[PDB]
Amino acid sequence: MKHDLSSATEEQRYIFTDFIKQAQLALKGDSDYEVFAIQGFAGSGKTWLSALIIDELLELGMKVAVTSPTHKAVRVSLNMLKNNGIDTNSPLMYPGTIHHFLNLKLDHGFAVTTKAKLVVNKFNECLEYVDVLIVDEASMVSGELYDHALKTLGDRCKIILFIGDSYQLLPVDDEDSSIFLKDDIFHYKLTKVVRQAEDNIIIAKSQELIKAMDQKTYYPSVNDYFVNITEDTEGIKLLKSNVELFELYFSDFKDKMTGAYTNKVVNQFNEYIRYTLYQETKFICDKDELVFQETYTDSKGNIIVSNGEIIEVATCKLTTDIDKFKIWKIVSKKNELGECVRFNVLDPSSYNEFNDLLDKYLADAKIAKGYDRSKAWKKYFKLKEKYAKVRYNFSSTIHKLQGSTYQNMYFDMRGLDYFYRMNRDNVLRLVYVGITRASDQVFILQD
């Protein structure tokens, strides 16, 4: 009576029944696999299926960790579970970030790595012990995170369930870390557009892009996939110029977001929108929403803000740090854990001085000998990761928009044809993710 499995597709019912059976088998160490993954495109009922699985796991009395990439995604997931009647306050459910469940911090190996690696945080005894570990965004599961999750099998969880989209966009460092190309994972696949989404203009467009992707047959230009939409059609609209875009954007009162492929165009959108709204010359102000471009750690390497987190500034003060640089002291608004996060951001006026000192620290480090090597390398890394790297939240690259949903999306597609000829499938994935960020209307600006 609560959830009607009869109105689910054949695939959804099979995946639900199969995984619940595997989870129960795992309680007795008799499961056929330990790592599972659900694949689904936009409009495939993936999120609803995950809530059905979570609710039944709790009903059976199992402890379930529901992990998300950021605190913002945790709150979104909790609201989604609440929308399905799930008691998110149940003592058997453990919502939180994937970094928090895995008890991870950053470390360069001082006891030396050019990129700090994720390692377990010693002196932490308040560890989470569950039966089912669910990771809800597969697009952010790096090789390091994946290896850490699997290391908890048999210790703090008994089976792992990944959830994501096979038509995702992976970072430039880790293309081969795709969980969906892994052969030791049992893969559940949702390959049908579920009801209530069978008549969505954007979903229908996204299926056309998927169709061209799985047969390797492509149009001469990425713009040919929108020859029918023109500026007649609803759901999706092709705009003629930047003027028409911002004329609609600044009049738009719905939940919206803009995006492009390259960082330079995304930066231009962010700076233009912010100044048009507030005419603010200060790098940080009381009304900013900041999206972290990388994980922010303290001096010891403990994760203070996870990568991709979206924070609203409560207070911000421009002062001077370590007798050298102009910085912004920021206090975030309260999160779902009742924690107000504090972080510092370097002011652009000190960028040149900072980079000049970092270059000197780096040069000093690789000339140092004896015991001075580690101390010099510790000095370079300490300054290198001292300050948080943030951007505004009016625009974003399509890569960083995965896992976020809006009502309206303003998608700048100019220049994509250049990259389309270099890698057709990659740009088709880019367009697919871009238009599916919106549930109501997509505004596209072409060449």
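Procedures and definitions
Residues numbered from 1 in each chain as written, not as in the entry; some residues may be left out. Heavy atoms only, no water. Residues with missing side-chain atoms left out of burial classes, pairs and counts. Helix = DSSP H or I, 4+ residues; strand = E, 2+ residues; numbered from the N terminus. Rg over C-alpha atoms; globule rule 2.2 N^0.38 Å. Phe/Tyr/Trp six-rings, centres within 6.5 Å; stacked < 30°, edge-to-face > 60°. Buried < 20%, exposed > 50% of the residue type's maximum accessible area, 1.4 Å probe, protein only. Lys NZ or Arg CZ within 6 Å of the ring centre and 35° of its normal. Pairing = 2+ DSSP bridges. Axes fitted to C-alpha atoms, helices over the stretch in contact; angles between N-to-C directions. Contact = heavy atoms within 4.5 Å. Domains from an automatic or database assignment. Buried area = accessible area lost by both parts, 1.4 Å probe. Salt bridge = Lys/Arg side-chain N within 4 Å of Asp/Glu carboxyl O. Polar contact = N/O pair within 3.5 Å; in protein donor to acceptor, adjacent residues only side chain to side chain. Disulfide = S-S within 2.5 Å.

The deposited coordinates, according to the entry record, derive from X-ray crystallography at 2.10 Å resolution.

On to the overall build of the protein chain, then. What the protein chain contains, in helices and strands, is twelve helices and 20 strands. Rg of the C-alpha trace for the protein chain: 23 Å, near the compact-globule value of 22 Å for 447 residues, within the 12% margin. Projecting the C-alpha coordinates of the protein chain onto the three principal axes gives extents of approximately 65 × 60 × 40 Å.

In this section: the packing of aromatic side chains. For the structure on display, the rule yields 31 aromatic pairs. Measuring from ring centre to ring centre gives 5.9 Å for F325 and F354, while their planes differ by 70 degrees; the resulting arrangement is edge-to-face. Of the two residues, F325 sits in strand β15 (residues 325-332) while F354 sits in helix α9 (residues 351-365), which places them 29 residues apart along the sequence. For the pair shown, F325 and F354 are each scored as buried. An aromatic cluster is defined as three or more aromatic residues linked by ring pairs; in this entry it consists of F246, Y249, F250, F269, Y272, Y410 and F443. A cation over an aromatic ring shows up here: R156 above the ring of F101, its NZ or CZ 4.6 Å from the ring centre. When the ring centre of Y146 is taken as origin, the NZ or CZ atom of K182, which lies over that ring, is 4.3 Å away.

Here the focus is the sheet that holds strand β1 (residues 35-40). One open sheet holds the six strands; their spatial order is β3-β2-β6-β7-β1-β8, and the pairing between them is parallel. The strands lining the two open edges of the sheet, one partner per strand, are β3 (93-97) and β8 (186-190). On average, each strand axis in the sheet is tilted by 20 degrees relative to the strand beside it, whichever way the strands run. Alignment of strand β6 (residues 132-135) against strand β7 (residues 159-164), held across four bridges, turns out to be parallel.

Relative to the assigned elements, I98 resides in helix α4 (residues 98-101). The exposure class of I98 is buried, given its relative accessible area of 3%. Taking the C-alpha atoms as reference, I98 lies 23 Å from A42; in sequence the two are 56 residues apart. Sequence-distant contacts of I98, that is, excluding residues within four places in its chain, are made with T67, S68, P69, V135, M140 and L145.

So, about the domain arrangement of the protein chain. The assigned domain composition of the protein chain is domain 1 (5-190) and domain 2 (289-391). Here domain 1 and domain 2 have C-alpha centroids that lie 30 Å from each other. In this complex, domain 1 contributes 18 residues to the contact, which on the side of domain 2 involves 19 residues. Roughly 1500 Å² of surface becomes buried between domain 1 and domain 2 when both sides are summed, with 60% attributable to carbon and sulfur atoms. Interface area lost by domain 1 to domain 2 is led by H71, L106 and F110, which between them contribute 34%. Where domain 1 packs against domain 2, one counts one salt bridge. The salt bridge partner of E336 is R75, with a shortest N-O separation of 2.8 Å. Counting across the interface, domain 1 meets domain 2 through eight residue pairs in polar contact. For the side of domain 1 that touches domain 2, the secondary-structure elements that each account for two or more residues are α3 (71-82) and β4 (104-107). Broken down by element, the residue count for the side of domain 1 that touches domain 2 peaks at four residues, all from α3.

Moving on, we come to the state of the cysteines. The full count for this structure, using the stated rule, is zero disulfides. Not part of a disulfide, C126 finds its nearest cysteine sulfur in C157, a span of 19 Å. The thiol of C340 is unpaired, and the distance to the nearest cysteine sulfur, on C316, comes to 14 Å.

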